[PDB]
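First comes the structure, then the notes that go with it.
Naming convention: chains lettered A, B, ... in sequence-line order (proteins, then strands); numbering from 1 in each chain.
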Amino acid sequence: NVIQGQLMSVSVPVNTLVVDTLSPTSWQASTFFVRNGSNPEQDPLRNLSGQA
Amino acid sequence: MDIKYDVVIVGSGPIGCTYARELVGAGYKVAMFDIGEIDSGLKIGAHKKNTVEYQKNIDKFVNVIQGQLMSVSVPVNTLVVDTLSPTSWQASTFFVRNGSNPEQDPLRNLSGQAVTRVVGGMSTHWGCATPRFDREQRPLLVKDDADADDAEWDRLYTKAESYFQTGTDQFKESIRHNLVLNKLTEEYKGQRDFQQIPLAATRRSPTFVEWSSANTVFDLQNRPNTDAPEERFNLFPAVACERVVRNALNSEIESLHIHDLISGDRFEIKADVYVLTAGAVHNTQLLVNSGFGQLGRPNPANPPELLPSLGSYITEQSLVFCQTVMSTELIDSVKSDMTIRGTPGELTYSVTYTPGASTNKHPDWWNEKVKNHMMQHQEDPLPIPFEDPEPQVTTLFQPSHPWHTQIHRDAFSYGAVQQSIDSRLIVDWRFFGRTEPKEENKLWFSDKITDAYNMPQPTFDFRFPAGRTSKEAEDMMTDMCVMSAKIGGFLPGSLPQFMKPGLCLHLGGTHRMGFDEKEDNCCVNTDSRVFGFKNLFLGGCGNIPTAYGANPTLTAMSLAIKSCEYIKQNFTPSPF
Amino acid sequence: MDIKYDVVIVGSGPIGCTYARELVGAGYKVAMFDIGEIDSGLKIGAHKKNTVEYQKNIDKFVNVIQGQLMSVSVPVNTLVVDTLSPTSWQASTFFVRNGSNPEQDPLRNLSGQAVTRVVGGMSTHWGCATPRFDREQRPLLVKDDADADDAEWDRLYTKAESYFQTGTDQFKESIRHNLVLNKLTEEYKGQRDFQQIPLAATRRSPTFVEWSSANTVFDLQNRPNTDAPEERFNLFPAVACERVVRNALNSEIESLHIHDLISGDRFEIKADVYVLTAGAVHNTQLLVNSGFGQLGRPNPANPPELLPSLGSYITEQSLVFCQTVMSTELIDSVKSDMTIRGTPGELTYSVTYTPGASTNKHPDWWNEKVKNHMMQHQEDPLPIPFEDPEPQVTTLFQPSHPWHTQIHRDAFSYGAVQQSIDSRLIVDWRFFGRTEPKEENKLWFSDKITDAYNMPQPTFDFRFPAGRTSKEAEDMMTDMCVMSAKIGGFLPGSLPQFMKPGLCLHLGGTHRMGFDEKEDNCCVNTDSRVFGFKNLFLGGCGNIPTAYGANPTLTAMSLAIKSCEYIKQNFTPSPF
Amino acid sequence: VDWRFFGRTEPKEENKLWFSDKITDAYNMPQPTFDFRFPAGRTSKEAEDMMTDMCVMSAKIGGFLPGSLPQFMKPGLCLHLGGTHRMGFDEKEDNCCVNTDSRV
Ligand SMILES: *Cc1cc2c(cc1C)nc1c(=O)[nH]c(=O)nc-1n2C[C@H](O)[C@H](O)[C@H](O)COP(=O)(O)OP(=O)(O)OC[C@H]1O[C@@H](n2cnc3c(N)ncnc32)[C@H](O)[C@@H]1O
Ligand SMILES: *Cc1cc2c(cc1C)nc1c(=O)[nH]c(=O)nc-1n2C[C@H](O)[C@H](O)[C@H](O)COP(=O)(O)OP(=O)(O)OC[C@H]1O[C@@H](n2cnc3c(N)ncnc32)[C@H](O)[C@@H]1O
């Protein structure tokens with residue numbers, strides 16, 4: 001837990017995971033927009049995802 | 001097989017079988033085709049739960065359901081796997097893979113929508129709930145005369161309930177059922193009414209229910225036969241129906257084009273009357289494949305010439321689910337009439353009641369089951385008999401609670417930790433919302449991509465409408481949270497949640513009914529006859545044009561019965 | 001139903017059907033009972049995968065399998081749930097709940113063991129692999145004459161393979177199959193041989209295989225009928241067989257006691273010949289319920305009077321599994337014969353080969369499939385055609401690799417992330433170990449606890465034996481890791497692992513065969529006749545007394561064919 | 001017992017760490033971006049041979065622990081990144097950034 005608490009990911013690609021069980025009242029974007037500190041330059045297929 | 005029939009029916013689900021029942025009985029020469037195969041045993045199209053083994057292992061039945069639900073539209077998968085070995089082959093993109101539909105926006109889908117291709121359709125696995133719709137959920141059959149409209153729905157629903165063997169008392173001797181039913185009655189006294197879910201089912205013994213299906217409505221045996229010597233019916237399984245052929249006038253259907261999946265051959269079939277009962281998705285696909293509506297991605301710049309509302313105004317219900325673990329207060333109530341001496345497992349242990357004691361909260365029969373269970377199974381800490389049937393409770397949709405409710409048990413795949421909880425304690429909660437019909441919510445068919453039967457690939461463009469539909473959906477969730485707490489707390493792993501869109505499989509409005517094609521933005525009239533066409537009829541939930549929360553099948557069958565009255569009045573059976 | 005038959009058969013799986021095929025054909029008056037129901041469509045007891053819908057959706061078939069596998073022995077669950085609401089009822093102990101078996105030690109179980117109660121048994125869902133056993137895996141039918149023993153097994157296996165429609169070439173036109181087969185041949189040159197898994201199956205088209213089943217061996221239709229007018233057979237589904245009644249001499253069976261699950265009535269059935277083919281678990285249960293062996297927890301202080309080796313020396317195979325993702329080297333090999341100009345998706349793009357080029361690594365037909373796929377589907381990055389059949393590769397058990405191997409695809413439930421990998425790349429690896437028979441490994445039946453049919457509850461006391469069995473099991477895992485790496489890296493989520501004990505469903509030895517009851521510690525002789533008894537025979541994997549790694553069904557059928565030779569030679573059919 | 005086997009990666013010009021000219025990280029510095037794949041040829045063959053070697057060697061000690069089965073870890077979890085500002089004798093000939101005294 002100490003280790004994980006001090007390893008900050010270098011490059012996180014834009015997340016395209018589909019959540020389709022939100023309530024109909026919840027706000028949602030119509031796209032997978034650059035969110036949550038993701039790096040839009042990053043190809044998720046040519047990454048070092050584990051680099052921190 | 002002959003080339004010419006009086007009536008042809010596409011699909012062998014319960015709605016096709018309603019047509020078959022009515023029309024074979026009226027003496028028409030009838031053919032029914034189904035793309036799927038016979039696989040329910042000797043009773044063709046019967047419910048798969050009606051085996052002794054599923055009645056003793058009911059949770060295994062989830063697997064039967066899942067094994068015959070094939071996803072309608074799966075978007076291209078973009079999940080990153082970055083722990084492959086460096087030697088494994090990988091593409092540089094998320095390419096169209098594994099039967100995914102590239103037309104599909106993963107954010108405007110009914111991901112949970114699925115279809116069943118087997119003789120008897122989805123009625124080989126369904127839950128058999130058959131409530132009537134109240135006025136608010138129901139389309140008009142009579143204009144400007146509410147009493148006359150009620151009377152007509154009553155006549156039709158009554159017949160439909162006979163065809164399905166609908167009843168409301170098959171679970172009346174269940175302790176668990178009565179425990180839930182009574183508590184909720186008491187808690188909502190003067191606010192809401194609770195009753196048994198109306199269920200298409202006949203109890204055969206205390207541990208066996210014969211669930212109804214297509215086979216209950218019509219047995220699907222070829223005729224003439226010894227029991228029906230003057231009737232004429234043939235069922236042709238493993239036949240993909242691909243198109244109905246319109247005359248140039250667009251006034252009549254001239255043939256049905258089929259593909260025999262066993263021989264591989266294609267044929268045309270001729271009939272006086274053509275009935276499409278392939279389900280809400282597949283009726284639409286067949287029509288669009290026959291030049292109704294618009295093939296391809298919607299294009300308003302280019303409105304279709306025939307049935308422009310086809311595939312628009314589609315509705316699916318919102319669904320919320322949880323499970324509860326029965327409260328201590330309620331379990332203790334079960335044994336309230338009992339005197340208990342000594343300690344379980346010893347010789348002096350005694351559980352007794354006074355039959356007829358005026359202070360008894362329960363009938364003698366309930367108390368006998370409980371005493372006997374507690375004295376026979378002294379290692380068991382619960383007062384509920386092991387073979388006690390499940391709860392089957394509803395409060396039906398009303399204006400002040402505009403959702404359908406099922407408080408019940410059906411087959412479920414309990415994870416390992418959930419298996420730690422005694423099943424007698426667990427109750428499932430499913431609340432179903434009504435969805436406003438909106439032109440923008442569409443089922444359409446690709447002009448380039450094809451499905452597994454080489455038909456135009458279905459694609460959804462759906463979102464739950466803003467406004468009432470969404471407010472009610474969230475109010476429904478809150479209502480399940482409030483109501484469920486009266487019975488027990490949530491079961492870990494089955495916490496309150498929205499189910500993926502379309503999992504409820506109550507899709508409607510894809511080929512909707514109304515009085516007037518333009519004014520009511522619809523495809524069929526109140527006899528389920530396709531506007532413009534003399535001899536084409538559509539059956540099923542696709543016909544329902546309203547926002548409904550209740551399970552739609554009974555309502556669809558009712559419309560089918562009306563549709564067959566029109567047929568009997570307007571087409572003469574051939575001589576035998 | 002009559003009261004008297006020439007032969008009665010308990011169970012309608014493939015082994016019962018072998019008896020039925022041989023004995024109905026020999027003119028005996030035959031009854032077969034099965035506790036399960038007809039549910040494979042019109043072809044009674046046929047494989048459930050032989051529908052068009054499962055052949056287009058093969059992964060859905062896992063659900064069919066899981067829906068008909070009922071766990072034999074589930075220990076009491078001790079999983080702690082401590083996130084219930086304080087209002088929910090809870091016991092203060094982990095009490096016997098949810099059909100758990102309190103006799104069962106969770107640490108000496110076959111947790112993965114399960115049974116199938118349906119007409120046709122497990123052959124309605126099985127994988128159809130039918131290898132022969134080599135000498136090392138195989139029991140003796142002839143003593144002190146190895147060549148004579150080989151000759152006898154050859155005669156019997158050859159007939160069994162005819163009954164099952166066993167073949168080794170149904171997958172020969174698969175690119176994927178040949179890609180795997182060839183690579184592994186090359187890598188083990190001079191060390192091991194690879195071939196197609198022998199499969200009970202007939203190819204009907206490039207996209208449809210008719211998998212064999214009980215129905216292939218015998219069609220299970222009542223006789224006399226139009227095709228077999230001088231034969232006599234009745235199948236009675238939904239009949240629980242409970243006991244065979246021994247004479248006081250313990251020299252003959254006098255009746256079969258049955259329970260009709262539909263009427264609820266119990267009857268006795270009389271026959272000259274009694275054949276038990278209910279599976280390895282249920283044959284044992286029936287025998288113990290009839291006073292063979294010992295009911296209750298083993299007690300050596302009190303050895304049974306009849307068949308003291310019944311339920312001892314049980315064997316189940318160890319099973320290791322993984323999936324791979326095909327290597328880049330191998331995928332590129334597929335298109336080695338191709339010249340490629342331009343870029344995919346453009347007008348100039350060209351994929352060509354020179355038919356007959358001496359430097360071609362592949363036959364023209366392979367290259368035609370590949371060229372056509374690459375030119376027709378230029379958005380697809382793989383050279384393998386979409387409808388290419390699966391790999392079906394084996395290297396059969398040998399002394400230097402004493403395990404059976406299947407390098408293949410069968411129905412599988414891929415998780416969401418796994419669905420991200422193109423299915424054409426994925427290969428399943430299943431290696432099966434042989435288990436030394438040990439007296440201490442037992443299937444026994446409770447004297448107090450009962451199962452869902454009110455029969456004595458089965459309980460296992462099993463561990464994989466120390467010594468060779470365990471060393472080989474781990475060497476097998478290492479061998480799969482080494483061999484699989486030649487084809488590709490592991491698929492995340494399907495990494496190398498031991499499967500729970502008994503999931504392979506290859507249980508043997510529960511009612512084992514040998515020459516001499518005491519010296520060979522066994523229950524039946526080489527005609528599958530129960531020692532002491534003139535007219536009682538047992539069929540199935542329970543008969544196999546050796547340590548085997550290969551799939552046992554073909555071997556069991558072979559023994560059944562020998563058993564019927566004895567019957568035909570020793571019992572006269574009644575006159576018709 | 002834990003088993004961790006670590007492979008060597010061939011240095012390839014095409015494998016890059018670069019920095020965005022538009023996107024910034026949490027300290028307002030140019031956002032790092034990788035363009036990496038394990039090189040074809042030796043690096044990838046050895047990586048798979050390494051996996052097989054761990055499977056073979058580990059079996060001498062015991063069987064795998066369920067839930068910790070043999071697997072490749074996500075790229076870069078080992079945190080042994082090298083070569084981003086690599087050393088050599090001659091800047092052009094050795095394609096490098098610092099000399100053997102680590103001087104730029
Ligand atoms: C699956 C499901 C269904 C369900 C249920 C629970 C589950 C898990 N619970 C419900 C319940 O409690 N109450 C109820 O009212 N609905 C519930 N359902 C849904 C219900 O089963 C369906 O509404 C009902 O069966 C619909 O009936 P219908 O006759 O309209 O349609 P179907 O059963 O899908 O049968 C259609 C058939 O047509 C075939 N087919 C499809 N395409 C073709 C082509 N091209 N050619 C020839 N035949 C075609 C099918 O194979 C099928 O049998
Ligand atoms: C389930 C399974 C099976 C399997 C397979 C894969 C799966 C997922 N893959 C295998 C394969 O590739 N090759 C092979 O050799 N084996 C494979 N199998 C196993 C195979 O199906 C079984 O070995 C085979 O079917 C055994 O045949 P048998 O005829 O001995 O037994 P059965 O099929 O279990 O049928 C027994 C029947 O008897 C009934 N029954 C049980 N108890 C009673 C009582 N008391 N009274 C009357 N009937 C009884 C059953 O209901 C059943 O049909």
Side-chain angles (χ1 to χ4, degrees), chain A, chain B residues 73-84 90-95 100 104-113 316-321 431 433-436 460-478 480-481 495-503:
Chain A
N1 295 116
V2 181
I3 294 171
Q4 295 160 353
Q6 61 183 37
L7 283 176
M8 276 64 168
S9 300
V10 173
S11 191
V12 180
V14 171
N15 183 297
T16 61
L17 269 158
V18 167
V19 178
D20 56 7
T21 60
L22 305 159
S23 171
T25 57
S26 279
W27 190 93
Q28 278 297 283
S30 286
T31 73
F32 299 106
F33 68 97
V34 180
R35 268 167 291 165
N36 296 339
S38 55
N39 184 1
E41 306 276 25
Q42 183 69 60
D43 184 336
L45 302 185
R46 307 188 70 87
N47 202 3
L48 292 180
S49 63
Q51 264 285 318
Chain B
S73 191
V74 180
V76 171
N77 183 297
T78 61
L79 269 158
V80 167
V81 178
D82 56 7
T83 60
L84 305 159
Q90 278 297 283
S92 286
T93 73
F94 299 106
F95 68 97
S100 55
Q104 183 69 60
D105 184 336
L107 302 185
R108 307 188 70 87
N109 202 3
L110 292 180
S111 63
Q113 264 285 318
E316 177 57 290
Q317 296 169 352
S318 295
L319 171 65
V320 300
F321 161 84
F431 289 20
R434 58 156 175 196
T435 297
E436 189 166 340
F460 292 112
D461 187 338
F462 185 90
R463 281 267 180 98
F464 287 103
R468 191 183 74 182
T469 301
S470 292
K471 179 170 190 287
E472 289 182 352
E474 181 53 34
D475 291 350
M476 183 182 66
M477 173 57 88
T478 308
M480 182 192 63
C481 292
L495 306 174
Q497 66 194 270
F498 281 90
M499 301 309 294
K500 79 193 354 177
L503 221 46

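- Residue contact with chain A, scored on non-hydrogen atoms closer than 4.5 Å, involves the backbone of B:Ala91 exclusively.
- Of the two parts of B:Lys500, the backbone and the side chain both hold a non-hydrogen atom closer than 4.5 Å to a non-hydrogen atom of chain A.
- The side-chain heavy atoms of A:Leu22 and A:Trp27, taken from C-beta on, include no pair separated by under 4.5 Å.
- Here the side chains of B:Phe321 and B:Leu503 are not in contact, with every heavy-atom distance at 4.5 Å or above.
- Smallest separation of non-hydrogen atoms from A:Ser11 and A:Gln42: OG-OE1, 2.7 Å.
- With a 4.5 Å cut-off on non-hydrogen atoms, A:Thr31 touches chain B through its backbone but not through its side chain.
- Note that the CD atom of B:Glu472 and the OG1 atom of A:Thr25 stand 12.5 Å from one another [nearest 0.5 Å].
- Nearest heavy-atom pair across A:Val18 and A:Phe32 is CG2-CZ, 3.9 Å.
- With a 4.5 Å cut-off on non-hydrogen atoms, B:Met477 does not touch chain A at all.
- Using a 4.5 Å cut-off between heavy atoms, B:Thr78 touches chain A through backbone and side chain atoms alike.
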